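Residue numbers (the authors' numbering), protein chains in the order written: chain A, 351 to 490; chain B, 212 to 534, 548 to 629; chain C, 421 to 534, 548 to 560; chain D, 212 to 281.
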Amino acid sequence: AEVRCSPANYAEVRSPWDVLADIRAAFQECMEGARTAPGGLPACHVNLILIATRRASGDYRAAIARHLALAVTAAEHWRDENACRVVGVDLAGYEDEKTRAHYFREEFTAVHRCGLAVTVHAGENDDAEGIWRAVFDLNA
Amino acid sequence: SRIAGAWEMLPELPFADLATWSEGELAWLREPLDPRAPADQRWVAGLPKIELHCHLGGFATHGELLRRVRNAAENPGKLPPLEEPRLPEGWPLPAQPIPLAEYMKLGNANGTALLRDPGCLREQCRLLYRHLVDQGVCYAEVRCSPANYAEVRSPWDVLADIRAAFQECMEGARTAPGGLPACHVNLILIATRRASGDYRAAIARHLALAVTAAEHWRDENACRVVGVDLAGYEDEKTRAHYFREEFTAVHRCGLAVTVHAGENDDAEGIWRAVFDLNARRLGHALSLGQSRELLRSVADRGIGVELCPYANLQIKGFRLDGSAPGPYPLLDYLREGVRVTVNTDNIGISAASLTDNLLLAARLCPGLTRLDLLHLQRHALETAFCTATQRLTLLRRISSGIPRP
Amino acid sequence: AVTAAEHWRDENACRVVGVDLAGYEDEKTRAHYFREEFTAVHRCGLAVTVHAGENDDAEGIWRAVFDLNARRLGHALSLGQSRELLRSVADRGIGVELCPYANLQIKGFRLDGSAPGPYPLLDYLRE
Amino acid sequence: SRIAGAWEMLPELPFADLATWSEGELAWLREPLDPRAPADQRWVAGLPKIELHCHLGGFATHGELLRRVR
Ligand SMILES: Nc1ncnc2c1ncn2[C@@H]1O[C@H](COP(=O)(O)OP(=O)(O)OP(=O)(O)O)[C@@H](O)[C@H]1O
Ligand SMILES: [Mg+2]
Ligand SMILES: [Zn+2]
Numbered sequence: 351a352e353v354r355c356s357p358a359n360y361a362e363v364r365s366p367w368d369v370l371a372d373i374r375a376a377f378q379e380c381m382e383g384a385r386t387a388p389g390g391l392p393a394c395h396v397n398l399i400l401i402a403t404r405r406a407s408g409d410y411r412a413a414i415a416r417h418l419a420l421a422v423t424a425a426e427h428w429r430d431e432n433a434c435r436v437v438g439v440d441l442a443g444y445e446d447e448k449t450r451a452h453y454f455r456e457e458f459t460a461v462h463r464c465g466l467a468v469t470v471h472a473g474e475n476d477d478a479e480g481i482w483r484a485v486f487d488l489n490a
Numbered sequence: 212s213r214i215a216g217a218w219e220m221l222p223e224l225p226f227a228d229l230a231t232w233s234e235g236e237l238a239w240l241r242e243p244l245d246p247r248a249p250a251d252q253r254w255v256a257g258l259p260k261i262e263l264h265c266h267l268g269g270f271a272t273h274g275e276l277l278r279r280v281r282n283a284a285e286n287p288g289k290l291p292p293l294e295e296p297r298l299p300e301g302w303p304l305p306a307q308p309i310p311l312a313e314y315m316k317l318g319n320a321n322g323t324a325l326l327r328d329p330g331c332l333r334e335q336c337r338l339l340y341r342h343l344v345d346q347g348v349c350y351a352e353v354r355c356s357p358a359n360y361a362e363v364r365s366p367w368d369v370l371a372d373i374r375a376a377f378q379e380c381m382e383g384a385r386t387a388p389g390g391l392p393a394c395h396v397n398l399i400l401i402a403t404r405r406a407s408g409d410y411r412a413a414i415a416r417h418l419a420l421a422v423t424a425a426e427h428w429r430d431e432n433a434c435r436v437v438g439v440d441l442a443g444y445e446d447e448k449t450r451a452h453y454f455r456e457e458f459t460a461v462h463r464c465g466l467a468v469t470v471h472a473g474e475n476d477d478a479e480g481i482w483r484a485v486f487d488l489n490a491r492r493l494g495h496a497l498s499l500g501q502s503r504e505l506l507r508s509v510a511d512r513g514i515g516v517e518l519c520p521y522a523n524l525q526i527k528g529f530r531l532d533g534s548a549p550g551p552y553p554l555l556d557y558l559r560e561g562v563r564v565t566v567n568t569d570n571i572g573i574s575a576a577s578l579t580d581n582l583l584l585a586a587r588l589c590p591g592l593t594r595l596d597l598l599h600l601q602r603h604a605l606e607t608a609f610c611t612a613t614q615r616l617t618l619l620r621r622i623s624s625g626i627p628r629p
Numbered sequence: 421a422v423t424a425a426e427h428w429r430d431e432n433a434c435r436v437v438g439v440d441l442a443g444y445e446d447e448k449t450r451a452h453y454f455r456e457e458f459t460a461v462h463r464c465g466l467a468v469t470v471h472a473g474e475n476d477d478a479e480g481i482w483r484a485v486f487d488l489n490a491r492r493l494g495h496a497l498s499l500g501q502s503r504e505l506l507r508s509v510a511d512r513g514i515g516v517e518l519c520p521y522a523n524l525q526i527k528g529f530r531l532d533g534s548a549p550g551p552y553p554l555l556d557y558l559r560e
Numbered sequence: 212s213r214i215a216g217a218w219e220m221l222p223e224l225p226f227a228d229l230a231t232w233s234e235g236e237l238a239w240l241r242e243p244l245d246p247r248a249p250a251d252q253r254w255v256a257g258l259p260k261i262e263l264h265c266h267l268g269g270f271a272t273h274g275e276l277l278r279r280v281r
């Protein structure tokens, strides 16, 4: 399973990095607790995907930049193959003509440079043009 | 009576305690500095300083410090062979300007080849903090590249270890009034750009690490990552405005940005850094004088300029004691009102400290006065990235810590 | 504005010292749509001021601050919504101009401490 | 004597020249403003002010100023 989380929304006195570390630590300890299945492997393997959520109005671009930077740092931090890792980023939230994928290329350039998987919410409330922008302008 | 006599011309003065110094000492402080006089050297050494341009990777590059850095590794067997890169004749004051690539190569004994081991990194941090406190620095900002020091530990681990070492160093030396550290050290991450190879991914990783580190540690009385840098090779095809998309996320986060521009580039690179990358400080803006409008804009926008005199003389070459690279731009920058500071750049490879930097800044431009040195200190105090309360505390400490002649 | 700034240079005399970006604003008329026009003004080295925040979120203020290079912001009432943008405006020293009567009449605020929200003058002084 | 008394709070003061005020006068400059008091209105009127946002086209729109311009 790949669970998506937004640790920056859970930071009021502890950093979003601390929230992400706590989430991954809980997942890893619960993994090590359930050592069923053959070969000494965890019963269910879960990886993390950071959520970059977009709103109709307000302040959300700083949140997107913070999530992307946190995802890059977390991916570079934990590299153990047999452990919970951050494997990609997300582009979710409200969608219309004015919040399509191609408006978010510049901050996703860093994620693409780092070599991190990208997934996008598209087609829920948009025609095929939004899916095209997500596929070919953001490289989801 | 001292305050009453010098109550006029107070706002032109750089600090508050300057007024309480008598007409004789004010007249002495307005005379041009004489670096040959031992009294002037002692006064400059005793002056409390603020450091803004210091590279962590260029401290232990020559001399016994290397041994003190070499005899601290966890696994000495992995250490590369001890090689000291030879220096040309008269290294502190070379007769001929020297290029930049060999300049980088000169610090090959330290950095990636040596700081990859954590014990060497911790000892380097401790030695650098001891050197800074010995020089009298009340506030310094150190540039580091943690991602270059990772093989099994993440660059986040390197940054955490560096900040922990600096924090323990600050906590250990709890001198000075108010129970505050003798020197307060912050961190700035460097985004290096090369002529060819893979560097943009490293730049993006450094920017993400800087944003995460800034969001993690928020204690004002603690070492924090307070900005990012864009250093390395620069030319027409490696200008600042090629890196807008990488840096916009940093601008989303609200992090200070410093830029290397003008070392071997015209004023176009400086303009690109100022108006397209939004640099709050410009490093080595030697070519700013060609454009008058850009100089006026940098003056009125309050954008700081960091000049290291030893590095500028070693790289570009300059005429000493008023005897064609052009005159050193300290004096006209000061007269035009731009916020100008004097720093060390790489302490080790230049083999000099802040006191030598200020003395040679006086040497390069005859007519410089000690009031100009205090003005440079005030400019460094204002231009550094710090909280307002920290700025007031630093101002009070520097005002109350200037020695009498 | 560029020609007038180049024409009159007497410091002890009336001069044109900056340009403005005023008028109706919305999602389709942000500051980032005027970057190519204002590139010449930035090249000539002239001050720039913008109206932002009166009837829009902090994104317009961010655009006015960061890709239009504004030195002052006009009616930045929504700047409290963005903590990071507020810190950037504070450390960059960008001036923020507030007109109490215009803000009271246009947006409407509560007087004598009696939902537009509170007037951010005290908060802006605090930060 | 006044300036030596209030020397240590000089950076807090926006203007250095008001550091030569009384301790009572400075305490009068620290509590919240009273717009209803005529004395406060007179003091605010007498204060020197700097203006940065004034539209020339919206100055004389009503009153006698419109007729005098016309
Ligand atoms: N004056 C300067 N002008 C331009 N670039 C500089 C200057 N001084 C240092 N640099 C570059 O900035 C980098 C910052 O130093 P850093 O500590 O990250 O590297 P290092 O440990 O010396 O290793 P390496 O140089 O091999 O990457 C230096 O490596 C050098 O490449
Ligand atoms: Mg190096
Ligand atoms: Zn540098």
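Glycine included, every Cβ here is placed at the ideal spot set by N, Cα and C.
| Query | Result |
| --- | --- |
| Where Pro222/B meets chain D, residues with beta-carbon distance less than 7 Å | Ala227 |
| The stretch 507-520 of chain B / the stretch 555-572 of chain B touching (three or more Cβ pairs under 8 Å) | yes |
| Of the residues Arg450/A, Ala460/A, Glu447/A and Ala406/A, the one placed nearest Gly438/A, counting alpha carbons only | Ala460/A |
| Nearest-angstrom Cα separation, counted from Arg450/C out to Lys448/A | 13 Å |
| Complete alpha helix (DSSP H) runs within the stretch 444-479 of chain A (minimum length 4 residues, chain order) | 455-464 |
| Continuous alpha helix (DSSP H) assignments of at least 4 residues falling wholly in the stretch 365-414 of chain B | 366-383 |
| Nearest-angstrom Cα separation, counted from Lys527/C out to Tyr360/A | 32 Å |
| Those residues which DSSP pairs with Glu517/B across a bridge | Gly494/B and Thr565/B |
| CA-to-CA distance, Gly480/A to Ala472/A, given in whole angstroms | 6 Å |
| Counted within 10 angstroms of its Cβ, other Cβ atoms place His599/B as buried (16 or more) or exposed | buried |
| Per DSSP, cross-strand counterpart(s) of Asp345/B | Per DSSP, none; premise fails for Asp345/B. |
| Sub-9 Å separation of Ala424/B and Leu441/B beta-carbons | no |
| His266/D (DSSP reduced to helix, strand or coil) | coil |
| Nearest-angstrom beta carbon gap, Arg587/B and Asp556/B [assumed within contact, 8 Å] | With a Cβ gap of about 17 Å, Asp556/B and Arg587/B do not count as contacting. |
| Check whether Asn319/B and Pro296/B have beta carbons under 9 Å apart | yes |
| 8 Å CB neighbourhood of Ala522/C in its chain, flanking five on each side removed | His495 |
| Identity of the residues DSSP links to residue 501/A by a beta bridge | This structure does not reach residue 501/A, given that chain A is present from 351 up to 490, and the question cannot be answered. |
| Beta-carbon gap between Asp487/B and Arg463/B smaller than 9 Å | no |
| Nearest candidate by alpha-carbon position, reference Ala312/B, set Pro222/B, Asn475/B, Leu276/B and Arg594/B | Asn475/B |
| Beta-carbon proximity list for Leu466/C, same chain, < 7 Å, skipping 5 on both sides | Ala421, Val422, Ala425, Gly438 and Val439 |
| CB contact below 9 Å: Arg491/B versus chain E | Protein chains A, B, C and D are contained in the structure displayed, whereas chain E is not. |
| Contact belief for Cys331/B with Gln378/B at Cβ below 8 Å, rounded distance in angstroms | Between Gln378/B and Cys331/B the Cβ distance is about 19 Å, and since that is not below 8 Å, they are no contact. |
| Cβ pair count under 8 Å reaching 3, the stretch 382-391 of chain B against the stretch 379-395 of chain A | no |
| Length of the line joining the Cα atoms of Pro629/B and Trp232/B | 10 Å |
| Cβ-based neighbour list, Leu497/C, same chain, cut-off 8 Å, excluding 5 preceding and 5 following | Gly473, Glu474, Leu518, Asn523, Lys527 and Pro553 |
| For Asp580/B and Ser534/B, the rounded distance between their alpha carbons | 20 Å |
| Whole-Å CB distance - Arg492/B paired with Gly515/B, under 8 Å assumed | 4 Å |
| Beta carbon proximity, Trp232/D to chain B, threshold 9 Å | no |
| For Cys355/A, the residue or residues it bridges with in DSSP | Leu400/A |
| Nearest residue (CA-CA) to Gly443/A, options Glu431/A, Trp428/A and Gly408/A | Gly408/A |
| Contact list for the stretch 593-625 of chain B against chain D, Cβ threshold 7 Å | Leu616 and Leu619 |
| 9 Å Cβ cutoff, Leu263/D in contact with chain C | yes |
| Below-9 Å beta-carbon distance, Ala421/B vs any chain C residue | no |
| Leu244/B vs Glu352/B beta-carbon contact at 9 Å | no |
| Near ligand 1: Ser233/B beta-carbon under 8 Å from a heavy atom | no |
| Identity of the residues DSSP links to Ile261/B by a beta bridge | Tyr350/B |
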